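Reviewing the structure listed below.
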Amino acid sequence: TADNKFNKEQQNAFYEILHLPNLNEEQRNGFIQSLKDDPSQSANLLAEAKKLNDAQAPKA
């Protein structure tokens, strides 16, 4: 079945989203929970994360 096509960013991105030191992993692990369970739109979730981070990243 192969069906492989992770390069647009999912690869490097993945290993990245798994580090955002400003949020909890419950929610974060959530988006990616779909990356591993369903590596179809893993990239898109990544966008949703950096967003959840940039907002709650600073000490605000």
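Letters A, B, ... mark the chains of the structure tokens in the order given; residue numbers begin at 1 per chain; ligand numbers begin at 1, in order shown.
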Give me, as a PDB file with N, CA and C atoms, in the first residue's frame, all polymer residues having an atom no more than 10 Å from residue A:44, counting only C-alpha atoms and skipping those fewer than 4 positions away in the same chain.
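result09.pdb was written with the following content:
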ATOM      1  N   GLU A   9       6.264  19.295   5.046  1.00  0.00           N
ATOM      2  CA  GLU A   9       6.582  19.898   6.383  1.00  0.00           C
ATOM      3  C   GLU A   9       6.236  18.927   7.515  1.00  0.00           C
ATOM      4  N   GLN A  10       5.313  18.050   7.258  1.00  0.00           N
ATOM      5  CA  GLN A  10       4.906  17.071   8.309  1.00  0.00           C
ATOM      6  C   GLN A  10       6.096  16.414   9.011  1.00  0.00           C
ATOM      7  N   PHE A  31      -3.798  17.364  18.438  1.00  0.00           N
ATOM      8  CA  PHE A  31      -3.641  17.463  16.970  1.00  0.00           C
ATOM      9  C   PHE A  31      -2.800  16.316  16.432  1.00  0.00           C
ATOM     10  N   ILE A  32      -1.633  16.210  16.921  1.00  0.00           N
ATOM     11  CA  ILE A  32      -0.780  15.137  16.435  1.00  0.00           C
ATOM     12  C   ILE A  32      -1.359  13.791  16.743  1.00  0.00           C
ATOM     13  N   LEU A  35      -2.022  12.962  13.806  1.00  0.00           N
ATOM     14  CA  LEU A  35      -0.880  12.767  12.884  1.00  0.00           C
ATOM     15  C   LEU A  35      -0.491  11.294  12.855  1.00  0.00           C
ATOM     16  N   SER A  40      -2.659  11.676   7.576  1.00  0.00           N
ATOM     17  CA  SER A  40      -3.185  12.207   6.297  1.00  0.00           C
ATOM     18  C   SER A  40      -3.035  13.727   6.241  1.00  0.00           C
ATOM     19  N   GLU A  48      -2.391  24.518  13.006  1.00  0.00           N
ATOM     20  CA  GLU A  48      -3.256  24.830  14.171  1.00  0.00           C
ATOM     21  C   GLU A  48      -2.448  24.914  15.465  1.00  0.00           C
ATOM     22  N   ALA A  49      -1.383  24.158  15.545  1.00  0.00           N
ATOM     23  CA  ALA A  49      -0.564  24.207  16.788  1.00  0.00           C
ATOM     24  C   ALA A  49       0.185  25.511  16.902  1.00  0.00           C
TER      25      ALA A  49
END
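Coordinates place atom CA of residue A:14 at a distance of 7.9 Å from atom CA of residue A:42.
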Write down as a compact mmCIF listing (two decimals) with N, CA, C and O atoms, in the first residue's frame the residues of chain A whose backbone DSSP state falls under alpha helix (DSSP H).
# COMPACT_ATOMS: atom_id res chain seq x y z
N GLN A 10 5.31 18.05 7.26
CA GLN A 10 4.91 17.07 8.31
C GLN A 10 6.10 16.41 9.01
O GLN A 10 6.08 16.24 10.21
N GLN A 11 7.10 16.06 8.27
CA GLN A 11 8.27 15.41 8.90
C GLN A 11 8.94 16.34 9.92
O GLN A 11 8.82 16.15 11.13
N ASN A 12 9.61 17.33 9.41
CA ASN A 12 10.29 18.29 10.32
C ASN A 12 9.30 18.91 11.29
O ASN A 12 9.58 19.07 12.46
N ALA A 13 8.14 19.25 10.78
CA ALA A 13 7.11 19.86 11.65
C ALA A 13 6.84 18.96 12.83
O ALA A 13 7.00 19.35 13.96
N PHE A 14 6.41 17.75 12.54
CA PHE A 14 6.11 16.78 13.62
C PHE A 14 7.14 16.87 14.72
O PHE A 14 6.87 17.38 15.79
N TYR A 15 8.33 16.43 14.44
CA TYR A 15 9.37 16.48 15.49
C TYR A 15 9.40 17.85 16.19
O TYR A 15 9.90 17.97 17.29
N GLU A 16 8.86 18.84 15.55
CA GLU A 16 8.85 20.20 16.17
C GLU A 16 7.67 20.38 17.13
O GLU A 16 7.87 20.53 18.32
N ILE A 17 6.47 20.37 16.60
CA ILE A 17 5.27 20.54 17.48
C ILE A 17 5.42 19.78 18.80
O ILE A 17 4.84 20.15 19.80
N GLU A 25 0.54 19.03 26.70
CA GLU A 25 0.45 18.06 25.60
C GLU A 25 -0.93 17.46 25.46
O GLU A 25 -1.24 16.89 24.45
N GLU A 26 -1.76 17.57 26.45
CA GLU A 26 -3.11 16.99 26.27
C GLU A 26 -3.70 17.54 24.97
O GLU A 26 -3.98 16.81 24.03
N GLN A 27 -3.83 18.84 24.93
CA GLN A 27 -4.39 19.49 23.72
C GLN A 27 -3.43 19.32 22.53
O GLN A 27 -3.83 18.87 21.45
N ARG A 28 -2.19 19.66 22.74
CA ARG A 28 -1.23 19.52 21.64
C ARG A 28 -1.17 18.08 21.18
O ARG A 28 -1.40 17.80 20.02
N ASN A 29 -0.86 17.18 22.07
CA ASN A 29 -0.82 15.76 21.65
C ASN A 29 -2.08 15.47 20.87
O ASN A 29 -2.12 14.57 20.06
N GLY A 30 -3.09 16.26 21.13
CA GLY A 30 -4.38 16.06 20.43
C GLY A 30 -4.20 16.20 18.91
O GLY A 30 -4.41 15.24 18.17
N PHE A 31 -3.80 17.36 18.44
CA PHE A 31 -3.64 17.46 16.97
C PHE A 31 -2.80 16.32 16.43
O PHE A 31 -3.24 15.53 15.60
N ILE A 32 -1.63 16.21 16.92
CA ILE A 32 -0.78 15.14 16.44
C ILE A 32 -1.36 13.79 16.74
O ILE A 32 -1.06 12.84 16.05
N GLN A 33 -2.19 13.69 17.76
CA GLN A 33 -2.73 12.35 18.02
C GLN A 33 -3.30 11.87 16.72
O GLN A 33 -3.36 10.69 16.44
N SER A 34 -3.72 12.83 15.93
CA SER A 34 -4.28 12.49 14.61
C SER A 34 -3.13 12.26 13.61
O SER A 34 -3.27 11.50 12.69
N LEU A 35 -2.02 12.96 13.81
CA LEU A 35 -0.88 12.77 12.88
C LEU A 35 -0.49 11.29 12.85
O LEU A 35 -0.44 10.68 11.81
N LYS A 36 -0.23 10.75 14.01
CA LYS A 36 0.17 9.31 14.08
C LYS A 36 -1.00 8.39 13.74
O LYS A 36 -0.88 7.53 12.89
N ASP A 37 -2.12 8.59 14.39
CA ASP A 37 -3.29 7.72 14.09
C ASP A 37 -3.69 7.84 12.63
O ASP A 37 -4.03 6.87 11.98
N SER A 42 -1.74 15.52 8.76
CA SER A 42 -0.82 15.89 9.87
C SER A 42 -0.27 17.30 9.71
O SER A 42 -0.09 18.02 10.67
N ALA A 43 0.01 17.65 8.49
CA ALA A 43 0.55 19.00 8.22
C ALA A 43 -0.42 20.09 8.66
O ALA A 43 -0.05 21.00 9.40
N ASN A 44 -1.63 19.98 8.22
CA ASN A 44 -2.64 21.00 8.59
C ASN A 44 -2.72 21.20 10.11
O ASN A 44 -2.72 22.32 10.58
N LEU A 45 -2.78 20.12 10.86
CA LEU A 45 -2.87 20.30 12.32
C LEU A 45 -1.69 21.13 12.77
O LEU A 45 -1.82 22.02 13.59
N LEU A 46 -0.55 20.81 12.23
CA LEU A 46 0.65 21.56 12.61
C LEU A 46 0.37 23.05 12.56
O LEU A 46 0.73 23.77 13.46
N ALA A 47 -0.31 23.48 11.54
CA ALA A 47 -0.61 24.92 11.46
C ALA A 47 -1.44 25.34 12.67
O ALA A 47 -1.19 26.37 13.28
N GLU A 48 -2.39 24.52 13.01
CA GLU A 48 -3.26 24.83 14.17
C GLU A 48 -2.45 24.91 15.46
O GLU A 48 -2.80 25.65 16.36
N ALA A 49 -1.38 24.16 15.55
CA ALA A 49 -0.56 24.21 16.79
C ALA A 49 0.19 25.51 16.90
O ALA A 49 -0.06 26.29 17.80
N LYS A 50 1.11 25.72 15.99
CA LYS A 50 1.90 26.98 16.03
C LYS A 50 0.97 28.13 16.36
O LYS A 50 1.37 29.12 16.95
N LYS A 51 -0.27 28.00 15.96
CA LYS A 51 -1.24 29.07 16.26
C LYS A 51 -1.58 29.04 17.74
O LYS A 51 -1.57 30.06 18.41
N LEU A 52 -1.88 27.86 18.24
CA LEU A 52 -2.21 27.74 19.68
C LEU A 52 -0.99 28.14 20.52
O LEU A 52 -1.12 28.54 21.66
N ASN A 53 0.17 28.05 19.92
CA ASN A 53 1.40 28.42 20.66
C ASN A 53 1.63 29.92 20.60
O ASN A 53 1.60 30.59 21.61
N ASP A 54 1.85 30.41 19.41
CA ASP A 54 2.10 31.87 19.25
C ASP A 54 1.18 32.69 20.15
O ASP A 54 1.58 33.71 20.68
N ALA A 55 -0.02 32.22 20.32
CA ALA A 55 -0.96 32.97 21.19
C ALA A 55 -0.61 32.79 22.67
O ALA A 55 -0.42 33.75 23.38
N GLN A 56 -0.51 31.56 23.09
CA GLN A 56 -0.17 31.30 24.51
C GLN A 56 1.33 31.08 24.72
O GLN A 56 1.75 30.54 25.72
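Taking atom CA of residue A:24 and atom CA of residue A:59 as the two end points, the separation is 14.6 Å.
For the atom pair formed by atom CA of residue A:38 and atom CA of residue A:57, the distance is 26.8 Å, given to one decimal.
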